[PDB]
Amino acid sequence: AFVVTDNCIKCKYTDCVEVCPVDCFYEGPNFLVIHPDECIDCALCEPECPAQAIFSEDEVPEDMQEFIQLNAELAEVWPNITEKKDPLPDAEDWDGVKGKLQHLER
Ligand code: SF4
Ligand code: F3S
């Protein structure tokens with residue numbers, strides 16, 4: 001599985017969804033997750049994300065390991081997203097700010 005990590009939050013560019021062959025992204029108000037059982041590890045999304053938030057599971061930084069289970073969890077309850085949309089209004093302001101997990105919206 002690939003995993004969406006901290007820098008997506010309050011950015012949510014949604015460039016990633018457009019390359020995904022299997023449509024395994026699920027949508028929150030200010031974040032995206034990947035469903036780990038649906039992901040085929042094609043790795044195409046990783047270079048697409050402007051926030052560089054996406055990692056191979058086996059490459060998620062130690063300080064962001066909690067994102068692995070959180071993707072799995074929220075992918076069970078959020079709606080599928082399969083089309084690019086406009087990034088969130090102040091995405092530029094939040095790209096690169098750390099510890100945005102505190103801002104995550106259910
Ligand atoms: S690795 Fe491939 S299958 Fe998995 S989320 Fe990214 S684009 Fe979709
Ligand atoms: S910011 Fe989030 S919505 Fe996709 S392009 Fe990056 S994982």
# chains A, B, ... in the order shown; residues from 1 in each chain; ligands from 1
$ residues_near_ligand --ligand "ligand 2" --cutoff "7 Å" --atoms "only C-alpha atoms and all ligand atoms" --output "ChimeraX atom specification"
/A:4,7-9,11-17,31-32,48-54
$ write_last_selection --atoms "N, CA and C atoms" --output "compact mmCIF listing (two decimals), in the first residue's frame"
# COMPACT_ATOMS: atom_id res chain seq x y z
N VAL A 4 -1.01 8.27 2.51
CA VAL A 4 -1.00 9.74 2.56
C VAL A 4 -0.62 10.23 3.95
N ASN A 7 1.58 16.30 5.40
CA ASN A 7 1.55 17.49 4.57
C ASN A 7 0.34 17.61 3.67
N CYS A 8 -0.42 16.55 3.43
CA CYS A 8 -1.67 16.72 2.66
C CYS A 8 -2.65 17.60 3.42
N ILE A 9 -2.73 17.46 4.74
CA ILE A 9 -3.78 18.13 5.51
C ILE A 9 -3.74 19.64 5.29
N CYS A 11 -3.91 21.11 2.61
CA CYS A 11 -3.48 21.32 1.23
C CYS A 11 -4.41 20.62 0.25
N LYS A 12 -4.47 19.29 0.32
CA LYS A 12 -5.46 18.52 -0.46
C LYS A 12 -5.52 18.92 -1.93
N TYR A 13 -4.38 18.83 -2.59
CA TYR A 13 -4.28 19.21 -3.99
C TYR A 13 -5.15 18.40 -4.95
N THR A 14 -5.29 17.12 -4.66
CA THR A 14 -6.01 16.07 -5.36
C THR A 14 -5.44 15.76 -6.74
N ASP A 15 -4.15 16.07 -6.91
CA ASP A 15 -3.50 15.67 -8.16
C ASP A 15 -3.34 14.16 -8.24
N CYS A 16 -3.14 13.59 -7.05
CA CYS A 16 -2.92 12.15 -6.94
C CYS A 16 -4.00 11.27 -7.56
N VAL A 17 -5.25 11.65 -7.37
CA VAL A 17 -6.36 10.81 -7.79
C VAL A 17 -6.39 10.55 -9.30
N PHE A 31 -8.23 16.42 3.80
CA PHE A 31 -7.23 15.35 3.69
C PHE A 31 -7.75 14.22 2.78
N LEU A 32 -6.88 13.41 2.20
CA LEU A 32 -7.17 12.23 1.42
C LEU A 32 -6.46 11.02 2.04
N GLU A 48 3.31 12.72 -8.10
CA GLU A 48 2.28 13.63 -8.54
C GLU A 48 1.92 14.62 -7.44
N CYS A 49 2.05 14.19 -6.19
CA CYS A 49 1.62 15.03 -5.09
C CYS A 49 2.51 16.24 -4.83
N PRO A 50 2.01 17.46 -5.02
CA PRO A 50 2.87 18.64 -4.81
C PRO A 50 3.36 18.79 -3.38
N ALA A 51 2.62 18.20 -2.44
CA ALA A 51 2.91 18.31 -1.02
C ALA A 51 3.93 17.24 -0.64
N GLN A 52 4.25 16.38 -1.60
CA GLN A 52 5.09 15.22 -1.31
C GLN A 52 4.65 14.42 -0.09
N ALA A 53 3.35 14.36 0.14
CA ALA A 53 2.78 13.69 1.30
C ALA A 53 2.70 12.18 1.15
N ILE A 54 2.82 11.69 -0.09
CA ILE A 54 2.59 10.25 -0.28
C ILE A 54 3.90 9.47 -0.23
$ residues_near_ligand --ligand "ligand 1" --cutoff "10 Å" --atoms "only C-alpha atoms and all ligand atoms" --output "PyMOL selection string"
chain A and resi 1-4+16-26+33-48+54-57
$ select_by_dssp --residues "chain A" --states "strand (DSSP E or B)" --output "PyMOL selection string"
chain A and resi 2-4+25-27+32-34+54-56+80
$ atom_distance --atom1 "CA of residue 94 (chain A)" --atom2 "CA of residue 29 (chain A)"
15.0 Å
$ closest_residue --among "A:88, A:106, A:78, A:98" --to "residue 5 (chain A)" --atoms "only C-alpha atoms"
A:98
$ atom_distance --atom1 "CA of residue 64 (chain A)" --atom2 "CA of residue 99 (chain A)"
9.4 Å
$ closest_residue --among "A:72, A:30, A:58, A:65" --to "residue 102 (chain A)" --atoms "only C-alpha atoms"
A:30
$ select_by_dssp --residues "chain A" --states "helix (DSSP H, G or I)" --output "ChimeraX atom specification"
/A:6-8,16-19,57-59,62-64,66-74,91-94,100-103
$ write_last_selection --atoms "N, CA, C and O atoms" --output "compact mmCIF listing (two decimals), in the first residue's frame"
# COMPACT_ATOMS: atom_id res chain seq x y z
N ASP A 6 1.28 13.67 6.61
CA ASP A 6 0.86 14.89 7.27
C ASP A 6 0.67 16.08 6.34
O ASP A 6 -0.30 16.86 6.51
N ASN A 7 1.58 16.30 5.40
CA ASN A 7 1.55 17.49 4.57
C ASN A 7 0.34 17.61 3.67
O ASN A 7 0.07 18.70 3.13
N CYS A 8 -0.42 16.55 3.43
CA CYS A 8 -1.67 16.72 2.66
C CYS A 8 -2.65 17.60 3.42
O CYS A 8 -3.45 18.30 2.80
N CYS A 16 -3.14 13.59 -7.05
CA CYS A 16 -2.92 12.15 -6.94
C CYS A 16 -4.00 11.27 -7.56
O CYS A 16 -3.69 10.28 -8.22
N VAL A 17 -5.25 11.65 -7.37
CA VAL A 17 -6.36 10.81 -7.79
C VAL A 17 -6.39 10.55 -9.30
O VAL A 17 -6.86 9.53 -9.81
N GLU A 18 -5.91 11.52 -10.06
CA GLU A 18 -5.96 11.49 -11.51
C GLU A 18 -5.06 10.43 -12.11
O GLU A 18 -5.39 9.92 -13.20
N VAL A 19 -3.98 10.03 -11.43
CA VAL A 19 -3.15 8.97 -11.99
C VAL A 19 -3.53 7.58 -11.49
O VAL A 19 -2.97 6.60 -12.01
N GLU A 57 4.27 2.40 2.01
CA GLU A 57 4.14 2.11 3.43
C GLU A 57 5.50 1.90 4.10
O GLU A 57 5.67 2.40 5.22
N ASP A 58 6.36 1.13 3.43
CA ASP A 58 7.64 0.72 3.95
C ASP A 58 8.63 1.88 3.99
O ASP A 58 9.74 1.71 4.52
N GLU A 59 8.20 3.04 3.50
CA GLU A 59 9.04 4.24 3.51
C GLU A 59 8.48 5.41 4.29
O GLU A 59 9.03 6.51 4.29
N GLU A 62 9.48 7.64 10.35
CA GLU A 62 9.17 7.13 11.68
C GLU A 62 8.18 8.06 12.37
O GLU A 62 7.28 7.56 13.05
N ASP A 63 8.38 9.37 12.25
CA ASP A 63 7.55 10.35 12.97
C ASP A 63 6.15 10.48 12.36
O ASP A 63 5.34 11.28 12.84
N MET A 64 5.88 9.73 11.28
CA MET A 64 4.54 9.76 10.68
C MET A 64 3.96 8.36 10.56
O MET A 64 3.00 8.08 9.86
N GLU A 66 1.94 6.73 12.38
CA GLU A 66 0.54 6.68 12.75
C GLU A 66 -0.37 6.89 11.54
O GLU A 66 -1.56 6.52 11.60
N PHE A 67 0.15 7.45 10.45
CA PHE A 67 -0.65 7.68 9.27
C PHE A 67 -1.00 6.37 8.55
O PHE A 67 -2.03 6.37 7.85
N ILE A 68 -0.22 5.32 8.76
CA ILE A 68 -0.50 4.06 8.07
C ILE A 68 -1.86 3.54 8.51
O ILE A 68 -2.75 3.40 7.67
N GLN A 69 -2.10 3.38 9.81
CA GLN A 69 -3.37 2.84 10.30
C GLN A 69 -4.50 3.82 10.06
O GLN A 69 -5.64 3.55 9.71
N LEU A 70 -4.17 5.10 10.19
CA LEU A 70 -5.20 6.12 9.99
C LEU A 70 -5.73 6.09 8.56
O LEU A 70 -6.92 6.31 8.31
N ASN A 71 -4.85 5.84 7.58
CA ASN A 71 -5.36 5.72 6.21
C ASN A 71 -6.33 4.54 6.12
O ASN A 71 -7.38 4.56 5.45
N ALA A 72 -5.91 3.45 6.75
CA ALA A 72 -6.71 2.21 6.68
C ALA A 72 -8.09 2.40 7.31
O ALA A 72 -9.10 1.90 6.81
N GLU A 73 -8.08 3.08 8.44
CA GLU A 73 -9.28 3.40 9.19
C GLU A 73 -10.19 4.35 8.42
O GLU A 73 -11.38 4.07 8.26
N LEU A 74 -9.67 5.47 7.92
CA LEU A 74 -10.58 6.45 7.31
C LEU A 74 -11.03 6.00 5.94
O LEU A 74 -12.07 6.45 5.45
N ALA A 91 -3.83 26.58 0.43
CA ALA A 91 -2.95 25.42 0.45
C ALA A 91 -1.48 25.82 0.46
O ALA A 91 -0.65 25.21 1.13
N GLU A 92 -1.20 26.91 -0.25
CA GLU A 92 0.18 27.37 -0.33
C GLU A 92 0.69 27.71 1.06
O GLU A 92 1.85 27.45 1.36
N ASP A 93 -0.15 28.31 1.87
CA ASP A 93 0.21 28.74 3.23
C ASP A 93 0.53 27.56 4.14
O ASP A 93 1.34 27.66 5.06
N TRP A 94 -0.13 26.43 3.91
CA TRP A 94 0.04 25.27 4.77
C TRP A 94 1.00 24.19 4.28
O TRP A 94 1.39 23.31 5.03
N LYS A 100 0.49 19.08 11.18
CA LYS A 100 -0.86 19.40 10.78
C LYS A 100 -1.87 18.32 11.17
O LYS A 100 -3.07 18.56 11.10
N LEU A 101 -1.43 17.18 11.72
CA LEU A 101 -2.37 16.15 12.19
C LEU A 101 -3.37 16.74 13.19
O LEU A 101 -4.53 16.39 13.24
N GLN A 102 -2.89 17.74 13.93
CA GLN A 102 -3.75 18.39 14.90
C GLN A 102 -4.96 19.09 14.28
O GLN A 102 -5.91 19.49 15.00
N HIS A 103 -4.95 19.30 12.98
CA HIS A 103 -5.92 20.04 12.21
C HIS A 103 -6.85 19.11 11.43
O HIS A 103 -7.70 19.60 10.70
$ atom_distance --atom1 "CA of residue 28 (chain A)" --atom2 "CA of residue 96 (chain A)"
19.5 Å
